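# Structural features, examined
Listed below, chain by chain, are the residues.
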Amino acid sequence: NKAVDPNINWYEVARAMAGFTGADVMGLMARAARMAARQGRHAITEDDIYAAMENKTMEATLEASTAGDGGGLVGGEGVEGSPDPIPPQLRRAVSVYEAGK
Amino acid sequence: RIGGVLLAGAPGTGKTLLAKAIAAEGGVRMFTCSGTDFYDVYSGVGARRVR
Amino acid sequence: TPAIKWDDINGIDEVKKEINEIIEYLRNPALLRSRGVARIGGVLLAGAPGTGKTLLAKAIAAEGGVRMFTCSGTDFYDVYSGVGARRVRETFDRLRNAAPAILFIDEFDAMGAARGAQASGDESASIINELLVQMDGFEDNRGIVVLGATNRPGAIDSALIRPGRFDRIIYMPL
Amino acid sequence: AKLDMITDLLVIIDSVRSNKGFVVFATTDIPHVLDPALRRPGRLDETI
Amino acid sequence: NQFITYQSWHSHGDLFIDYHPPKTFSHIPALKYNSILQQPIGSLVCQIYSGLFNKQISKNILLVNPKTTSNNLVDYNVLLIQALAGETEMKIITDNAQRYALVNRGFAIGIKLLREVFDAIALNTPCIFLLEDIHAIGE
Amino acid sequence: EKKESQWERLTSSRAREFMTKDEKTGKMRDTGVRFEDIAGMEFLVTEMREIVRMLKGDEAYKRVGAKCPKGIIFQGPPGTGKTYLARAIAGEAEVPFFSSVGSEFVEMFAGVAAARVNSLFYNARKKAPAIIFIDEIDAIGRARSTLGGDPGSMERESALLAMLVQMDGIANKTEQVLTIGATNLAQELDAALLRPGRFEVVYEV
Amino acid sequence: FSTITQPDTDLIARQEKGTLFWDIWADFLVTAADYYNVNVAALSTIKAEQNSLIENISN
Amino acid sequence: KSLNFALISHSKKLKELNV
Amino acid sequence: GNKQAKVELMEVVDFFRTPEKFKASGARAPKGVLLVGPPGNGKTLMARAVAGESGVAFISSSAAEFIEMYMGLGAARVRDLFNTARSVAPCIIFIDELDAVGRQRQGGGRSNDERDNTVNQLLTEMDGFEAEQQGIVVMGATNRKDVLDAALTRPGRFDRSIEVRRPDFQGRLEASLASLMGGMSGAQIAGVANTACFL
Amino acid sequence: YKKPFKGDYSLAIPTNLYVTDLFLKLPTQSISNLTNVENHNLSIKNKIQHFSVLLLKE
């Protein structure tokens, strides 16, 4: 119905979506179109869908770690506990952490 | 007629979608409601609403 | 329309400037706009009733040389459904005729409250809808200040607090 | 306090998608006490 | 003054449609420094100015402004939505979800009132609904 | 001429009158108790005697602009004799006395409450100077308990509203009518009866 | 539109006579208040309306 | 209260009453 | 039988019909009787016997029947009952199950407004501006001593705290056997007798 | 834990609760060494959680 890239392995994506209903799938494709717009594309790719799942998880954590003061976890805000250019030492530490995991 | 059908499973998995697809295949329009709506502050009103 | 001076009031010192804002709004607008006050309609007077009140508002009118109207919110809504809407409508039309004026409503919790221990049906909804539209706009209330007396400002609904209804609030101290 | 209003608020919010032409903004200061069902897709999922 | 506060299209509740608020995005210099706001707000403004917002699918957007303001000294959620509507010169209908927190005799009158409001706003399109304090009923 | 008469019969003159001749036999509706059989509350007896003698037209204190309290509340625990005190003030005042109860102003039909309290007060105003006694005003003057859509709550609110209006009426000039309310749950009264112009005197018994 | 959606003769005539009755000669509330009112039950057939009216005539 | 011309006018007025 | 309440009931019927010695001694009248005790000991039967001894009428009523969904109906019923009592001149007014209405007028819930109205109507009918006086005695029946209102249990409305309980040895003799069935009320005694006759 | 849609906001995952405590609360505070107190420098919790007229009412 909408515009998606045809080279998508919908099985592998649905494997990544273990434990979902169908309206959940619908809304995930909608926010995948949102991530496609964020990356600068009109078509949806499997990368865009995976970024939508990551965006949902990060949004869920952010609406549990800012409810009144927050701090640190939401960087890049331009306010007090959130430097906008994430410092080279901090991004090196984050990269080392995620590479080790 | 087979009559009344119970739709069961996860919370909101395929209920309204399945009912709307069934109505579209049958060529009719739904008259959806809820058991919570069949109630009022007085007695003898919800049965009248059911009728 | 009812019939001790302002300098005879000595129980307040700091809020006299906030009341002086109302005096200068009724005596000289576009000076109040030069002080950032675009409009001032409903002003709430809170605190312990029996101190000031009618004396305060009368002093306000006597320092602003202006028509003074007195009403009680008790008498606006008694038993009659839908009639109270036309009551406040005719009140605001009369006010817009004699229009520099200081309509004072007493016992605002009769009409300024929300649903609760009273039978909140069509009656209170209609009178609060009419109060909202008459205070809001369209019918330009030029020179019309409504001083509402209340004892529980937190009991005033979220309809008459919204910026543009009764945003200004004065607490009378002891 | 009968909290059956949540399962009707879900239907009310889900009925907006069938509609067209307007946009609804639901504001809150406490998103943690919000019902997770209300955060499901087709409902108030997009958050700014 | 093109800022008017007429009643609903049905009229003679009282939806209180607000026409052309006197606000712009210059009222919020805190908008240009927020990376989250730019895409949805700019998409809505460009959809409105293109006309496509008239024929677009209705959507619900949640807004979060954490509880740190003293009393009610200008809420930034209603400030942002009013700036959106004033910049776009668009009808904005505001409401508070506290007024629909009603349960009496085992029945919820506020649910019927909110359903009537949501069905009445369907007729005054295009418009911006602003339902404040959704936590009061969505607990 | 029948429905209006039925409405007047239902919602009018539901009280008792004292210190007046009977409407059918002419007998003086007296109480028989004066300020001698209620010994034990001598300061309050002196206060009520002062109130009665000021209601009878005393000029001894009018040079300083002193004003006789409009409404007077008798509060205290049960059994202290507020009722016998009101009977004594009836027997001593020699004024048309209108005795009623707060529970007598309740009916299932909407309007009756306000009509009854209005009519009671109106009869008092015509027969001025008069003393009104409403035993257990808490059945009328109860505050709103933050929630409820009861028909009794509607009737109580309407009876209040009417009463508040009749009360502020007497103040204006008007006819020098003194109202007395005796109750034991005074803390269950509203936030308006205590206010000036209204029942401004609360005597602790 | 503004010219055609204006009050007609009936609405204009009911705006001046209505003003004259309920707005101009309803200032007798101050008169009847300084002499005597009860209001509220001054509706229906209280029979004090007749006394107030003849007292207004007598002045 | 915010930073507008009304605040500057109030400051100028307060300076004039204290001059 | 009936514990020691029979002397008090004799006093009630004596000053009801032939005061004599009480008027010589200067006593005026009791004006209320509050039978406290568990049901099954002839609480209504004692009042029926008192009315029969005094030669007055008896109307069966309870406080539960005054609880009506129409506002003011219970107070109107109480007022009407006392008006017919004054018309009969004299009689005995029985109010049963006073623990269902007259309990702790503090407010709360949409079920106690009419109940508080009925309690206030009872208070102003038992006392208040003197409109009955005379030889009229009102009897109430409760299972507890002091759970009612302070004004209702005040000794100017119910000034006689007549208490009945389960029958003692001589009471069970009147109504070797009392050793076996000692410790229960007269209703259970009559049920035991009926079961023994049925056997 | 940190799943796309299954562990979104659920208060049954203890690590989400630890994250909320860590990012929204002021430290943790450890156990006191005092007597007649429960665990910290506090007593036991309340078990059940929740003119003359005004003078009597108060």
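Residues numbered from 1 in each chain as written, not as in the entry; some residues may be left out. Chains lettered and ligands numbered in written order. Part of a larger assembly, values for the part shown. Heavy atoms only, no water.

- Looking at the entry header, you'll see cryo-EM listed as the method and 3.2 Å as the resolution.

### Description of the overall build of chain J
- Looking only at helices and strands, chain J has two helices and zero strands in total.
- Taken over C-alpha atoms, the radius of gyration comes to 21 Å for chain J, far larger than the 10 Å a tight globule of 58 residues would show.
- Burial statistics for chain J: of 58 residues in total, 22% are counted as buried.
- Here chain J has roughly 5400 Å² of accessible surface; of this, 59% comes from carbon and sulfur atoms. (Helix = DSSP H or I, 4+ residues; strand = E, 2+ residues; numbered from the N terminus. Rg over C-alpha atoms; globule rule 2.2 N^0.38 Å. Buried < 20%, exposed > 50% of the residue type's maximum accessible area, 1.4 Å probe, protein only. Areas by Shrake-Rupley, 256 points an atom, 1.4 Å probe, with all protein chains shown as cover.)

### Looking at unusual backbone geometry
- Residues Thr 125 of chain E and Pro 126 of chain E are joined by a peptide bond in cis, for which omega reads 0°.
- Within the element layout of this structure, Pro 126 of chain E appears in the loop between α3 (109-120) and β3 (127-132).
- Following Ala 89 of chain I, the chain continues to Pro 90 of chain I via a peptide bond in cis, the omega torsion being 5°.
- Secondary-structure assignment places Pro 90 of chain I in the loop between α4 (73-88) and β3 (92-96).

### A short note on the pairing of strand β4 (residues 146-149) of chain C
Residues and elements named next belong to chain C.
- Residues of β4 alternate between two faces, with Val 146 and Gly 148 on one and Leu 147 and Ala 149 on the opposite face, all of them buried.
- As judged from the four bridges shared by strand β1 (residues 42-47) and β4, these two strands associate in the parallel manner. Its bridge partner lying in β4, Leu 45 is registered against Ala 149.
- In this view, the connection linking strand β3 (residues 104-106) to its parallel neighbour β4 by way of helix α5 (residues 122-136) has right-handed handedness. (Pairing = 2+ DSSP bridges. Right-handed = clockwise from strand over helix to strand, strands pointing away.)

### Comments concerning the arrangement of the chains
- With 17 pairs of chains in contact overall, the greatest share of contacts is found between chains D and E.
- Here chain C and chain D are not in contact; the least distance found between their C-alpha atoms is 15 Å.
- Kept free of each other, chain C and chain J leave a smallest C-alpha distance of 11 Å between them. (Contact = heavy atoms within 4.5 Å.)

### What about the pattern of salt bridges?
- Summed over the entire model, instances satisfying the criterion amount to 43 salt bridges over all chains.
- As a salt-bridge pair, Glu 139 of chain C and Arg 96 of chain C come within 2.5 Å of each other at their nearest N and O atoms. Taken together, the residues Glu 139 of chain C in the loop between α5 and β4 and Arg 96 of chain C in helix α4 (residues 83-97) connect sequence positions 43 residues apart.
- Given a relative accessible area of 40%, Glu 139 of chain C falls into the partly exposed group.
- Residue classification places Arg 96 of chain C among the buried residues on the basis of a relative accessible area of 17%.
- Residue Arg 156 of chain F pairs with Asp 113 of chain I through a salt bridge whose shortest N-O separation is 3.3 Å. Residue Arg 156 of chain F is located in helix α6 (residues 151-172), and its partner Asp 113 of chain I is located in helix α5 (residues 113-126); the two belong to separate chains.
- For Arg 156 of chain F, a relative accessible area of 11% puts it in the buried group.
- Given the relative accessible area of 14%, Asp 113 of chain I is considered buried. (Salt bridge = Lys/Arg side-chain N within 4 Å of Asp/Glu carboxyl O.)

### Re helix α4 (residues 88-100) of chain A
- Between the first and last C-alpha of α4 of chain A there are 18 Å, a value that for 13 residues agrees with the 18 Å anticipated at 1.5 Å per step.
- The buried fraction of α4 of chain A is low, at zero of 13 residues. (Expected span 1.5 Å × (residues − 1).)

### Details of helix α2 (residues 42-55) of chain F
Residue and element names in this part refer to chain F.
- The end-to-end C-alpha distance of α2 is 20 Å, a good match for the 20 Å that 14 residues give at a rise of 1.5 Å each.
- Within the sequence span of α2, burial applies to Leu 44, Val 45, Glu 47, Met 48, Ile 51, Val 52 and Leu 55. In a view along the axis of α2, the buried residues occupy a sector of 160°, so they form one face of it.
- On the buried face of α2, the contacting elements are β2 (71-75), α3 (82-93), β4 (131-135), β5 (178-183) and β6 (201-204).
- With its phi angle positive at about 100°, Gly 57 sits one or two positions after the end of α2. (Arc of directions from axis to C-beta.)

### With respect to the sheet that holds strand β2 (residues 70-72) of chain C
Residue and element names in this part refer to chain C.
- In space, the five strands of this open sheet follow the order β2-β3-β4-β1-β5, with parallel pairing throughout. Single-partner strands in this sheet number two, and they are β2 and β5 (168-172). Averaged over all pairs of adjacent strands, the angle between strand axes in this sheet comes to 25°, irrespective of strand direction.
- Where β3 and β4 come together, two bridges link them in parallel fashion. Looking at β4, one finds that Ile 105 is bridged to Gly 148. (Axes fitted to C-alpha atoms, helices over the stretch in contact; angles between N-to-C directions.)

### A few points about the interface of chain D and chain E
- Listed per partner, the contact involves 32 residues of chain D and 44 residues of chain E.
- Buried area between chain D and chain E, both sides added, is near 4100 Å², and the carbon and sulfur share of it is 66%.
- Counting across the interface, chain D meets chain E through zero salt bridges.
- For the pair chain D and chain E, the interface holds 23 residue pairs in polar contact.
- Only α1 (6-14) and β1 (23-28) of chain D provide two or more residues apiece to the side of chain D that touches chain E. (Buried area = accessible area lost by both parts, 1.4 Å probe. Polar contact = N/O pair within 3.5 Å; in protein donor to acceptor, adjacent residues only side chain to side chain.)

### Looking at the nonpolar core
- Judged by nonpolar contacts, the single largest core of 30 residues is most densely connected at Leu 114, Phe 118, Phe 129 and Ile 134 of chain E.
- Going through the elements one at a time, α1 and β1 of chain D together with α3 and β3 of chain E are the ones with two or more residues in this core.
- Take this core: its biggest share by element is five residues, from α1 of chain D.
- Sequence-distant contacts of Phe 129 of chain E, defined by excluding residues within four places in its chain, comprise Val 23, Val 24 and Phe 25 of chain D together with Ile 93, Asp 95, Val 117, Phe 118 and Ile 121 of chain E. (Core = buried A, V, L, I, M, F, W, Y, C linked by side-chain atoms within 4.5 Å.)

### A few points about a positive patch on the surface
- On the surface, a cluster of positive charge is contributed by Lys 101 of chain A together with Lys 2, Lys 3 and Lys 6 of chain J.
- Its place among the elements puts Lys 101 of chain A in the segment after α4.
- Classification of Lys 101 of chain A by relative accessible area gives exposed; the value is 75%. (Patch = residues over 30% accessible without salt bridge, like charges linked within 9 Å, V, L, I, M, F, W, Y side chains within 5 Å. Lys, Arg positive; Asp, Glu negative; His and termini not counted. Charge placed at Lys NZ, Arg CZ, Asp CG, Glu CD.)

### A few points about the packing of aromatic side chains
Residues and elements named next belong to chain C.
- Going through the model one piece at a time under the given rule, you end up with 13 aromatic pairs over all chains.
- A centroid spacing of 5.2 Å and a plane angle of 25° characterise the contact between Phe 108 and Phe 166, whose relative ring orientation is stacked. One end of the pair, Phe 108, is in the loop between β3 and α5; the other, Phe 166, is in the loop between β4 and β5, and 58 residues separate them in sequence. In this pair, the class of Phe 108 matches that of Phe 166, namely buried. (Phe/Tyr/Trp six-rings, centres within 6.5 Å; stacked < 30°, edge-to-face > 60°.)

### A short note on the packing of α1 of chain D against α3 of chain E
- Taken N-terminus to C-terminus, the directions of α1 of chain D and α3 of chain E make an angle of 0°; their axes are 10 Å apart at the nearest point. Here α3 of chain E runs roughly parallel to α1 of chain D, going by the angle between their axes. Here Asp 8, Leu 9 and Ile 12 of chain D of α1 of chain D lie close against α3 of chain E, whose contacting residues are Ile 111, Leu 114, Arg 115 and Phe 118 of chain E.
- The residue inventory of the contact of α1 of chain D with α3 of chain E, partitioned by class, reads five nonpolar, no polar and two charged. (Parallel < 35°, antiparallel > 145°, perpendicular 65-115°, else oblique. Nonpolar A, V, L, I, M, F, W, Y, C, P; charged D, E, K, R; others polar.)

### Focus on the sheet that holds strand β2 (residues 91-96) of chain E
- Taken together, the four strands give an open sheet; going across it, the order is β1(E)-β1(D)-β3(E)-β2(E), and neighbouring strands pair in parallel fashion. Across the chains shown, the open sheet's two edge strands, defined by having one partner strand only, are β1 (59-64) and β2 of chain E. Neighbour to neighbour, the strand axes of the sheet diverge by 20° on average, direction disregarded.
- Pairing of β1 of chain D with β3 of chain E involves five bridges; the strand directions are parallel. By the bridge assignment, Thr 27 of chain D is partnered in β3 of chain E with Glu 132 of chain E.

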